[PDB]
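Novice: Just passing along the structure, written as structure tokens.
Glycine gets a Cβ as well: all are built from the backbone with ideal geometry, and neighbour counts include every protein chain shown. FYI, it's all coordinate maths here, none of it is from the lab.
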2 protein chains.
Amino acid sequence: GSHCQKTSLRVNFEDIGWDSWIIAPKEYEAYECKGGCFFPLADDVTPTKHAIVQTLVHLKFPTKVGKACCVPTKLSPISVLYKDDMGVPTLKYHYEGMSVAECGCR
Amino acid sequence: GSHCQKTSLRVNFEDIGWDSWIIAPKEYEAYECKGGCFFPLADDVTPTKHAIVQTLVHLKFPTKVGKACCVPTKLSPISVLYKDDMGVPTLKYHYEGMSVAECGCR
Ligand SMILES: [Cl-]
Ligand SMILES: [Cl-]
Ligand SMILES: [Cl-]
Ligand SMILES: [Cl-]
Ligand SMILES: [Cl-]
Ligand SMILES: [Cl-]
Ligand SMILES: [Cl-]
Ligand SMILES: [Cl-]
Ligand SMILES: [Cl-]
Ligand SMILES: [Cl-]
Ligand SMILES: [Cl-]
Ligand SMILES: [Cl-]
Ligand SMILES: [Cl-]
Ligand SMILES: [Cl-]
Ligand SMILES: [Cl-]
Ligand SMILES: [Cl-]
Ligand SMILES: [Cl-]
Ligand SMILES: [Cl-]
Ligand code: NA
Ligand code: NA
Ligand code: NA
Ligand code: NA
Ligand code: NA
Ligand code: NA
Ligand code: NA
Ligand code: NA
């Protein structure tokens, strides 16, 4: 079974062009949600009714409707050292929505 | 621009095998979230920071990381007439998570 779950994704800020304002860290663990949303479903996939219905419609009309998507359903913050307006290193202690805490089918 | 938004999807319960317990309605408007999550983004796409970061990593490593996904971010209920344990038609007034209220990139 190849289902919806959290897997590693280490993100280098230089690589996405955010080194222009993030001094540190260089890299972080963002994680990614990977996996299929198909029947039979897993139990920590926490599907909405809509995701279930859509997956079923896709099974019957695959060319016309896509299947539900394995996505983050909860995110966590990281700390970033960034450059203030004046250019001063300023800590953002809780920089929200940066790392995957949980995945599910939506 | 071809971006993340709500589009129609009319779902017939016979077609997804739920006619075994749903007496009515026959069909409903579930809606679906369709569209790309790419730069430049729209304004009602309400992307998480994670979705932004991931889309950027995908742009630089397309074979290795997928892009963010246009998915429902808010759902609404519908009413369904279903069959009780004893077989009696019972109304479920607010049957949650059934129809798309809003879409965004996640
Ligand atoms: Cl399986
Ligand atoms: Cl299942
Ligand atoms: Cl739900
Ligand atoms: Cl849920
Ligand atoms: Cl298919
Ligand atoms: Cl979220
Ligand atoms: Cl803390
Ligand atoms: Cl903070
Ligand atoms: Cl923040
Ligand atoms: Cl455009
Ligand atoms: Cl943008
Ligand atoms: Cl966010
Ligand atoms: Cl948000
Ligand atoms: Cl690409
Ligand atoms: Cl939701
Ligand atoms: Cl009401
Ligand atoms: Cl109810
Ligand atoms: Cl419910
Ligand atoms: Na089809
Ligand atoms: Na998916
Ligand atoms: Na999310
Ligand atoms: Na949090
Ligand atoms: Na690549
Ligand atoms: Na998508
Ligand atoms: Na949702
Ligand atoms: Na609601």
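Novice: With the requirement that a residue be among the polar types (S, T, N, Q), assigned to a strand (DSSP E or B) and touching a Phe, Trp or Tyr at 6+ places or on another chain (Cβ under 8 Å), what does the stretch A:1-33 give you? Before you say what the answer is, go through the steps one by one.
Specialist: Within the stretch A:1-33, the first condition is being among the polar types (S, T, N, Q), and the residues that meet it are A:2, A:5, A:7-8, A:12, A:20.
Adding the requirement that they be assigned to a strand (DSSP E or B) leaves A:5, A:7, A:12.
Across the stretch A:1-33, the qualifying residue is only A:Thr7.
Novice: Looking at (1) within 16 Å of ligand 20 (Cβ to nearest atom); (2) touching a residue at least 40 places away in the same chain (Cβ under 8 Å), find the lone condition where A:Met98 falls short.
Specialist: (1)
Novice: Restrict the check to the stretch A:51-70 and report whether at least one residue is touching a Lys or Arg at 6+ places or on another chain (Cβ under 8 Å) and assigned to a strand (DSSP E or B).
Specialist: yes
Novice: So, in the stretch B:78-106, exactly how many residues are more than 9 Å from chain A (Cβ to nearest Cβ), more than 12 Å from ligand 25 (Cβ to nearest atom), farther than 25 Å from A:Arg10 by Cβ and under 23 Å from the mean Cα position of the chain (by Cα)? Break it down stepwise before answering.
Specialist: So the first thing to find is which residues in the stretch B:78-106 are more than 9 Å from chain A (Cβ to nearest Cβ), and the list is B:78-94, B:101-105.
Now drop any that are not more than 12 Å from ligand 25 (Cβ to nearest atom), which leaves B:78-94, B:105.
From what's left, farther than 25 Å from A:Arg10 by Cβ: B:78-94.
Keeping just the survivors that are under 23 Å from the mean Cα position of the chain (by Cα) gives B:78-82, B:92-94.
The qualifying residues number 8.
Novice: Give B:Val65, B:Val71 a once-over and let me know the one that is at the interface with another protein chain (Cβ under 10 Å from one of its Cβ atoms) and closer than 21 Å to A:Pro62 by Cα.
Specialist: On the way: B:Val65 fails: closer than 21 Å to A:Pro62 by Cα.
Every option except B:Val71 fails the conditions.
Novice: Look at B:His58 and say whether it is within 30 Å of A:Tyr95 (Cα to Cα) and without any contact (Cβ under 8 Å) to a residue 24 or more places away in the chain. Don't jump to the end; show me each part of the working.
Specialist: On the way: within 30 Å of A:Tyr95 (Cα to Cα): yes; without any contact (Cβ under 8 Å) to a residue 24 or more places away in the chain: yes.
It is true that B:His58 is within 30 Å of A:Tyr95 (Cα to Cα) and without any contact (Cβ under 8 Å) to a residue 24 or more places away in the chain.
Novice: Could I ask something else about it? What tally of residues in the stretch A:29-71 results from selecting those that are farther than 30 Å from A:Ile16 by Cβ and not β-branched (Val, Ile, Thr)?
Specialist: Going through the stretch A:29-71 one residue at a time, the tally reaches 17.
Novice: Scan the stretch B:31-55 for residues that are more than 16 Å from ligand 25 (Cβ to nearest atom), at the interface with chain A (Cβ under 8 Å from one of its Cβ atoms) and touching a residue at least 12 places away in the same chain (Cβ under 8 Å) and jot them down.
Specialist: Pass one, the stretch B:31-55, residues more than 16 Å from ligand 25 (Cβ to nearest atom): B:36, B:38-43, B:49, B:52-55.
If we keep only those that are at the interface with chain A (Cβ under 8 Å from one of its Cβ atoms) too, we end up with B:49, B:53-54.
Across the stretch B:31-55, the qualifying residue is only B:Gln54.
Novice: Filtering the stretch B:67-91 down to residues that are more than 27 Å from B:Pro47 (Cα to Cα) and of a type in the set (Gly, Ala, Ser), which residue is surrounded by the most Cβ atoms within 10 Å (Cβ to Cβ)?
Specialist: B:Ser79
Novice: Check A:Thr7, A:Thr63, A:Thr90, A:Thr46 and return the single one that is within 16 Å of ligand 15 (Cβ to nearest atom) and hydroxyl-bearing (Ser, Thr, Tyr).
Specialist: Numbers: A:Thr7 fails: within 16 Å of ligand 15 (Cβ to nearest atom); A:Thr63 fails: within 16 Å of ligand 15 (Cβ to nearest atom); A:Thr90 fails: within 16 Å of ligand 15 (Cβ to nearest atom).
Answer to the check: A:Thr46.
Novice: Sticking with this structure for a sec: Of all the residues that make up the stretch A:33-52, how many are more than 16 Å from ligand 20 (Cβ to nearest atom) and surrounded by 12 or more Cβ atoms within 10 Å (Cβ to Cβ)?
Specialist: Count: 1.
Novice: Being within 16 Å of ligand 12 (Cβ to nearest atom), loosely packed, with under 15 Cβ neighbours inside 10 Å and either under 25 Å from B:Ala30 (Cα atoms) or over 18 Å from the mean Cα position of the chain (by Cα) (or both) is the requirement here; does A:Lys64 meet it? Quick ask: steps written out before the conclusion?
Specialist: Working: within 16 Å of ligand 12 (Cβ to nearest atom): no; loosely packed, with under 15 Cβ neighbours inside 10 Å: yes; either under 25 Å from B:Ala30 (Cα atoms) or over 18 Å from the mean Cα position of the chain (by Cα) (or both): yes.
When the stated conditions are applied, A:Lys64 does not pass them.
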